[PDB]
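Residue numbers for the sequence shown, in mature numbering (1 follows the signal peptide of the UniProt record, and there is no 0): 91 to 368.
The C-beta atom is built at its ideal place from N, Cα and C for all residues, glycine as well.
Report on the following structure.
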Amino acid sequence: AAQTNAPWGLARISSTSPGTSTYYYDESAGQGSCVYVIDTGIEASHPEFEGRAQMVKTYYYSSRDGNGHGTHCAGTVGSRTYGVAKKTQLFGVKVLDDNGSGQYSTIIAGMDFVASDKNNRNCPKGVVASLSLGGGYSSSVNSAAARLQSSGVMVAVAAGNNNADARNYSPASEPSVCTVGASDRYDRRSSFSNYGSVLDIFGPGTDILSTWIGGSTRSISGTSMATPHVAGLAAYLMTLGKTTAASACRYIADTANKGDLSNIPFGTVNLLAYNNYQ
């Protein structure tokens with residue numbers, strides 16, 4: 091399948107080169123997979139989600155996304171126009187308040203929730219969780235992310251936006267999950283992206299158009315935007331049968347575009363997520 095005039099990041103993930111604008115993907119499109127977006131919520135009524143999104147848990151007075159961040163990330167995973175995996179099922183877990191903040195205890199509870207809740211959902215092709223959030227190093231937060239991964243969920247987490255080594259942030263620094271840095275449309279490391287040996291992969295993160303609350307759209311930047319590209323890619327590849335939740339981060343790194351990014355510090359992987367769709 092081909093989507094013309096796609097957001098640059100979608101085109102990038104199906105291309106061996108920067109500077110194109112058509113996204114190419116197998117029409118299976120993540121059908122039969124599920125992605126949990128653990129964030130500020132999802133505006134499930136947005137037309138872009140087509141009835142494929144739903145809120146399943148909140149820790150606050152409402153499940154509504156009163157911020158937009160979670161809705162944008164969900165859109166990059168799975169919206170019809172802005173998403174990588176255009177037929178996946180999206181499940182929202184609201185661990186962040188409408189200012190984008192949340193306590194680590196709530197975030198941990200949300201990860202353990204997903205590890206169990208997937209047993210209440212129909213995801214025959216596999217389960218992914220996208221975590222566009224983080225703070226300072228916490229062994230308990232890292233352990234929660236490790237448990238979620240161990241339970242059979244492909245966990246993708248943002249590297250963070252400090253232009254620093256991600257070893258000092260969580261869940262970015264957990265070795266067993268997939269830690270995602272950000273790039274721009276000219277194949278440069280995004281100026282804010284964290285780096286370091288704990289990164290597994292880069293995805294598009296500068297100037298990413300996706301869904302927003304109030305039925306709208308906007309372009310924003312962050313490793314929060316790179317992470318759902320990788321989460322949606324994992325769901326897409328799992329639906330194709332090419333990999334599994336336990337192996338998808340390694341598979342994405344194995345099949346990535348290699349050596350194409352600039353301003354990658356010595357010791358950080360130079361790997362850009364790629365669907366290898368022909």
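Might you give, ordered along the chain, the residues of its own chain that have their beta carbon closer than 7 Å to the beta carbon of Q239, omitting 5 neighbours on each side? Position 149 of the sequence shown, counted from the first residue, corresponds to residue 239. Cβ within range, chain order: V245, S266, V267.
Would you report the Cα separation of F139 and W302, rounded to the nearest angstrom? Here residue 139 corresponds to residue number 49 of the sequence shown, with the count starting at 1. Here residue 302 corresponds to residue number 212 of the sequence shown, with the count starting at 1. One C-alpha to the other measures close to 11 Å.
Between the stretch 125–145 and the stretch 96–112, do at least 3 Cβ pairs fall closer than 8 Å? no
What whole-angstrom Cβ distance do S300 and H162 have, given they're in contact under 8 Å? Locating residue 300 in the sequence shown gives position 210, where the first residue counts as 1. Locating residue 162 in the sequence shown gives position 72, where the first residue counts as 1. Between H162 and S300 the Cβ distance is about 4 Å, and since that is below 8 Å, they are a contact.
Under 8 Å, Cβ to Cβ, is there at least one residue of chain D near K208? In the displayed structure, chain D is absent; only one protein chain is listed.
Proximity below 8 Å, CB of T178 to CB of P318: Position 88 of the sequence shown, counted from the first residue, corresponds to residue 178. Position 228 of the sequence shown, counted from the first residue, corresponds to residue 318. No, these two residues do not count as a Cβ contact at 8 Å.
Are three or more beta carbon pairs between the stretch 148–156 and the stretch 332–348 nearer than 8 Å? no
How many Å lie between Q93 and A119 at the Cα? In the sequence shown, residue 93 corresponds to position 3, counting from 1. In the sequence shown, residue 119 corresponds to position 29, counting from 1. The straight-line gap from Cα to Cα measures roughly 12 Å.
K348: buried (16+ other C-beta within 10 angstroms of its C-beta) or exposed? Walking along the sequence shown from the start, residue 348 turns up at place 258. With fewer than 16 other Cβ atoms within 10 Å, it is exposed.
Could you check if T329 is buried or exposed, using at least 16 other CB atoms within 10 Å of its CB as the buried criterion? As a working mapping, residue 329 is identified with position 239 in the sequence shown. Looking at its Cβ environment, which holds 16 or more other Cβ atoms inside 10 Å, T329 is buried.
Where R257 falls: helix, strand or coil (DSSP): Counting from one through the sequence shown, the residue named residue 257 turns up at place 167. Helix at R257.
From the DSSP output, read off the bridge partner residues of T269. On the sequence shown, residue 269 is found 179 positions in, with the first residue counted as 1. For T269, which the question treats as bridged, DSSP gives the partners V247.
CB contact flag (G131, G173, <8 Å): The count along the sequence shown starts at 1 and reaches residue 131 at position 41. The count along the sequence shown starts at 1 and reaches residue 173 at position 83. No, Cβ-Cβ distance for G131 and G173 is not below 8 Å.
In the DSSP assignment, find the unbroken alpha helix (DSSP H) run with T313 in it and report its ends. By one-based count along the sequence shown, residue 313 stands at place 223. Taken as a continuous stretch (DSSP letters only), the alpha helix (DSSP H) holding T313 covers 313–329.
Secondary structure of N347, DSSP reduced to three states: To locate residue 347, count along the sequence shown from 1; it is residue 257. Strand, per DSSP.
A199, enclosing alpha helix (DSSP H) - first and last residue: Position 109 of the sequence shown, counted from the first residue, corresponds to residue 199. Note, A199: alpha helix (DSSP H), 194–207.
Pick from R278, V217, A254, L361 that is closest to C124, judged by C-alpha positions: Locating residue 124 in the sequence shown gives position 34, counting from the first residue. With distances taken between Cα atoms, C124 lies closest to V217.
Please report the straight-line C-alpha distance between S230 and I198, rounded to a whole angstrom. The residue you call residue 230 lines up with position 140 of the sequence shown. The residue you call residue 198 lines up with position 108 of the sequence shown. Distance between the alpha carbons of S230 and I198 is about 8 Å.
Determine the direct distance from the alpha carbon of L186 to that of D202, and round the result to whole angstroms. Within the sequence shown, residue 202 is the residue found at index 112, counting from 1. Within the sequence shown, residue 186 is the residue found at index 96, counting from 1. Going by the C-alpha atoms only, they are around 15 Å apart.
Element boundaries [beta strand (DSSP E), containing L180]: Numbered from its first residue, the sequence shown carries residue 180 at position 90. From DSSP, the beta strand (DSSP E) with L180 extends over 179–184.
By the three-class DSSP mapping on this structure, what secondary structure does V125 have? Along the sequence shown, read from residue 1 onward, the residue named residue 125 stands at position 35. Reduced to three states, the DSSP call for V125 is strand.
Kindly indicate which three-state DSSP category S230 falls into: helix, strand or coil? Stepping through the sequence shown from its first residue, residue 230 is reached at position 140. If DSSP states are grouped into helix, strand and coil, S230 belongs with the helices.
Relative to the C-alpha of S222, which candidate in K176, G190, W98 has its C-alpha closest? Along the sequence shown, one-based indexing puts residue 222 at 132. The candidate whose alpha carbon is nearest that of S222 is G190.
Whole angstroms are fine: how far does the CA of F356 sit from the CA of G141? Here the question's residue 141 lines up with position 51 in the sequence shown. Here the question's residue 356 lines up with position 266 in the sequence shown. Distance between the alpha carbons of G141 and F356: 44 Å.
Just mark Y276 as buried or exposed, buried being the case when its beta carbon has 16 or more other beta carbons within 10 Å. The residue labelled residue 276 in the question sits at position 186 within the sequence shown. Label assigned to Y276: exposed.
Just the C-alpha distance for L100 and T196, rounded to the nearest angstrom, thanks. Stepping through the sequence shown from its first residue, residue 100 is reached at position 10. Stepping through the sequence shown from its first residue, residue 196 is reached at position 106. Computed Cα separation, rounded: 32 Å.
Residue range of the unbroken beta strand (DSSP E) whose run includes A219: Taking the sequence shown and counting its residues from 1, the one referred to as residue 219 is at position 129. It spans 216–221 - the beta strand (DSSP E) in which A219 sits, taken as one unbroken run.
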